[PDB]
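Peer 1: Following this message is one structure expressed as structure tokens.
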Amino acid sequence: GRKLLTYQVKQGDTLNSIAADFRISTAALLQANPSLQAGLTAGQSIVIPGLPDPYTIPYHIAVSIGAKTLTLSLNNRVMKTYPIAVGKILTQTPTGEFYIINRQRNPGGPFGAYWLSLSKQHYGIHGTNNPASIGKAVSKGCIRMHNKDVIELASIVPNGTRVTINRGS
């Protein structure tokens, strides 16, 4: 067996939402969790195929809303911290504990040499071509970084790494 990343359902989650959120297939999420098709359960752990275990990962990321920052730690111990951007969509969760689902290396467009996808659709870490929006709070746009920084995380941390969206202070 493989060490994969789990999800704990909230009351009224959707199979196809989580397959949109983790950029997976509901057919694969049903493949990993035959219970989902039948119905959903709040607090039900459902796994994400293709996405490994965050607790095998040596790094941890802390996203501070109140600061607009991204902390790259190693074994909980901070290595670095990169500036990032937060849209009003992240402001919703005061705990925002999430996980990098997978990555998209240089798309080509302004998406900041990379698009590292998060466990929630709008919760996502990517680069930009307008760096002066970095460190800032934006209307909706998801957590933007700088190109060399979004490529850092992309080379340093693997998928499954936990990105903690904290309102902070």
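Peer 1: I want to check the label-to-label distance for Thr56 and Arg2. Put each point 7 Å from Cα in the C-beta direction and report it in nm to one decimal.
Peer 2: Here the answer is 0.9 nm between the modelled labels.
Peer 1: So which trypsin sites (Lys or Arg not before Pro) in the stretch 1-68 end up in coil per DSSP with only 13 or fewer other C-beta atoms within 10 Å?
Peer 2: Filter output for the stretch 1-68: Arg2, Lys3, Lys10.
Peer 1: Shifting gears a bit: Give me the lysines in straight-line cross-link reach of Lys120: C-alpha distance below 17 Å, same-chain residues under 8 apart excluded.
Peer 2: Cross-link targets: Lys10, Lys88, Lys140.
Peer 1: Relative contact order for the stretch 1-50 using alpha-carbon pairs under 8 Å, separation at least 6, rounded to a whole percent?
Peer 2: 54 percent
Peer 1: In whole angstrom, how far apart do the alpha carbon centroids of the stretch 1-77 and the stretch 92-120 sit?
Peer 2: 13 Å
Peer 1: So in the stretch 86-169, what percent of DSSP beta bridges are antiparallel if you round to the nearest 5?
Peer 2: Once the DSSP bridges in the stretch 86-169 are tallied, antiparallel ones form about 75 percent.
Peer 1: Taking 8 Å as the Cα distance limit and 6 or more residues as the minimum spacing, I'd like the relative contact order of the chain as a percentage.
Peer 2: 25 percent
Peer 1: Using a Cα-Cα cut-off of under 21 Å, which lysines could be cross-linked to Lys80, ignoring same-chain neighbours fewer than 8 residues away?
Peer 2: Within the straight-line limit of under 21 Å, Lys80 reaches these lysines: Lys68, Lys136, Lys148.
Peer 1: Another question about this same structure. Given charges of +1 on the Cβ of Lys and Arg and -1 on the Cβ of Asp and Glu, with all other atoms neutral, how large is the dipole of the chain about its Cα centre, in debye to the nearest 20?
Peer 2: 340 debye
Peer 1: Which residues among the stretch 38-82 fall inside the zone where the amide N is under 17 Å from a point 7 Å beyond the Cα of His122, along Cα→Cβ?
Peer 2: Residues 65-66 qualify, since their backbone N sits under 17 Å from the label point.
Peer 1: Pick out which of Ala28, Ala62, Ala132 has the largest mean-square fluctuation in a Gaussian network model of the chain, springs linking Cα atoms closer than 10 Å.
Peer 2: Top of the fluctuation ranking is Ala132.
Peer 1: OK, next. With no solvent and one equal point scatterer placed on each C-alpha of the stretch 51-169, evaluate the Debye formula and give log10 I(q)/I(0) for q = 0.15, 0.16 Å⁻¹, two decimals.
Peer 2: Per q value, in the given order, log10 I(q)/I(0) is -0.55, -0.63.
Please note: Cβ atoms are built from the backbone with ideal geometry, for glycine as well, and neighbour counts cover all protein chains shown. Any read-out appearing in this document is the output of simple, stated calculations on the displayed coordinates, not a laboratory observation.
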